[PDB]
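**Student:** all I have is the shape, not the residue letters:
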Ligand SMILES: [Cl-]
Ligand SMILES: [Cl-]
């Protein structure tokens, strides 16, 4: 297992524009296109991202390409964030994948606001972090996914994904 397989599991793969759990237009492996209610706006953002007139549909390779970019941007975002980087650097490789997943889902900003959980993770207080992390709108909205990521962070193993 790795970050790519993990997120491919959590996000799935859809070749046609769809709405995510919050109702926003998305395509491929969780690539958010826009927070706007306009499908045309979403189609405009897609064609811009792909480089052609897609008509709301892309191929598997195109989806994988957006995913690679998105994964890359997520890590880089973490390394550029002063609140996030130090946590990330303190972690082992498995736990790091849990941090990347959260950021991919919620944005760096979002994640950087889990102040308390961030500190517990940095101090290696696993169980405590796990409980603090669950006290969030994130967990109440997407509990099954939130449980898998929380367990990854708590245990440093891929068990939730086997
Ligand atoms: Cl893009
Ligand atoms: Cl879920």
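**Tutor:** Here it is on my side, so go on. Residues are numbered from 1 along each chain as shown. Ligands and ions are numbered 1, 2, ... in the order given.

**Student:** what sits against the most far-flung residue of the chain relative to its centre?
**Tutor:** Most distant residue from the mean C-alpha position of the chain: residue 53, 26.9 Å away (C-alpha atoms, centre = their mean). Contacts for residue 53 (C-beta atoms under 8 Å, 6 or more residues apart in numbering) come out as residue 47. (Each C-beta comes from the backbone N, C-alpha and C, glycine too.)

**Student:** I figured residue 83 hits residue 112, correct?
**Tutor:** Yes. Using C-beta atoms under 8 Å, residue 83 is in contact with residue 112, at 4.5 Å.

**Student:** which residues do the two both contact?
**Tutor:** By C-beta under 8 Å, 6+ apart, residue 83 and residue 112 have these common neighbours: residue 118.

**Student:** which one's more surrounded, these two?
**Tutor:** Remark: of residue 83 and residue 112, residue 112 carries more neighbours, 18 against 15, as counted by other C-beta atoms under 10 Å.

**Student:** what residues sit buried inside stretch 81-100?
**Tutor:** 81, 84, 87, 88, 91, 94, 95, 96, 97, 98, 99, 100 (16 or more other C-beta atoms under 10 Å).

**Student:** could you export these as TSV, including distance to ligand 2 and secondary structure?
**Tutor:** Listed next are the buried residues of stretch 81-100 as TSV, based on distance: C-beta to the ion, whole Å; DSSP: H, G, I helix; E, B strand; the rest coil:
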residue	distance to ligand 2	secondary structure
81	25	coil
84	23	coil
87	23	helix
88	23	helix
91	23	coil
94	20	helix
95	20	helix
96	21	helix
97	17	helix
98	15	helix
99	18	helix
100	17	helix
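
**Student:** between which two of these is the distance greatest?
**Tutor:** Maximum pairwise distance in these, criterion C-beta to C-beta, is 20.6 Å, between 81 and 94.

**Student:** for residue 32, see how far away residue 91 is.
**Tutor:** Using C-beta to C-beta, to the nearest Å, residue 91 is found at 26 Å from residue 32.

**Student:** no wait, residue 116
**Tutor:** When distance is defined by C-beta to C-beta, residue 116 is 27 Å away from residue 32.

**Student:** center of the chain, which residue is that?
**Tutor:** Centre-most residue of the chain, counting by C-alpha atoms, centre = their mean: residue 104, 2.4 Å.

**Student:** tell me if the residue farthest from the centre of the chain really is in a helix.
**Tutor:** No. Remark: residue 53 does not belong to a helix; assigned using DSSP: H, G, I helix; E, B strand; the rest coil, it is coil.
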